[PDB]
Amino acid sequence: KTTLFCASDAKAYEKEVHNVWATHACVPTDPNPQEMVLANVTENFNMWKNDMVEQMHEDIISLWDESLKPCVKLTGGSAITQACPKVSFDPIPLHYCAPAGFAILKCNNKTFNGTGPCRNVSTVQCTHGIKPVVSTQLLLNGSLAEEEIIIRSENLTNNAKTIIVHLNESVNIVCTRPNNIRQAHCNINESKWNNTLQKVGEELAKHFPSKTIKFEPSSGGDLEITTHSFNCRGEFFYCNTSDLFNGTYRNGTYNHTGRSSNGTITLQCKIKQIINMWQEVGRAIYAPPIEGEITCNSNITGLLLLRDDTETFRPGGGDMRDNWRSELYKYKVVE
């Protein structure tokens, strides 16, 4: 166990909050990265018990605390009011590095699921650029699996454990509040989502070989986890995914039961001033949305799912440690 330090390409001049935080908290990214390959060596990794996830989690909590100041912060009767200026918000990649006497082991097995022995290992000083995208159900702006789609879980037999689906080809999602001022929508090409869930059901089919795979909307709970939610240009977008997570995979083929028009799936979205905080139990109140068109163009690189004759998968998420595990699975800090 050691104390990592972050490395970024953040610009001092930029007023975007990730750049400001990284200018005084991270170091400039080394432009001459060194990677040593150890094909003979095999090491044991566990993406679900990784201290780098906890360190990145506290770093992004500090980033959000310094950057996205709410107008009112309510923690069980105690309300803290501050200045809540509208800021420029666009996540930047963050590399995580180990100090001297320590290194970062990197698993190059393109089929690795995060747990067990990895036979082709490498040694690096930092990880790749990881955008700290805080979202539920859909993992946005991440890295894609080089080979086949990968299914990751701490314990697939436990329906309470979050399932991380790592896609090998991205799905473009465009969310926009166009120029009620809290009504927004996302556009997703139904053809790409058809084939994506087609072979996500195939890979899930190998894990549960009867058991026709069925995709359904979140059972219940807080609005942040019952809808695909993400922060776009400093604004909080909550998007209904009932149409998106609506399909049945049976006899090797996928059928989408979600409503679609003109080959595109549209998710109704609402921008909410009142937010249930991911960083800690409590609520944060923010100012009304900025005037003009608020649009985010993102790539869906992963899915967060929960498993309930037939196996049903519903979108989950919330524990933002899982959003970091989807990118930190191939690393392990060793002395």
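Don't overthink the numbering: it's just position in the shown sequence, from 1.
Deposited sequence between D308 and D309: 4 to 9 residues lack coordinates. Gap check for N179 to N180: 4 to 9 deposited residues are absent from the model. The mean Cα B-factor in the deposited entry runs higher for 32-40 than for the other of 289-297 and 32-40. 117-125 and 169-177 differ in mean CA B-factor, and the higher of the two is recorded for 117-125. As recorded in the entry, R250 carries the highest CA temperature factor of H228, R152, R250, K73. Across the options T111, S242, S135, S78, the residue with the most elevated CA B-factor in the record is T111. Per the deposited record, the Cα B-factor of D322 falls in the lowest third when ranked against the other modelled residues of its chain. Among the modelled residues of the chain, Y96 sits in the middle third by CA temperature factor in this PDB entry. Split the chain's modelled residues into thirds by C-alpha temperature factor. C107 is in the highest one. Ranked against the other modelled residues of its chain, the C-alpha B-factor of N141 as given in the entry falls in the lowest third. Among the modelled residues of its chain, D90 has a C-alpha B-factor that falls in the lowest third, as given in the PDB entry.
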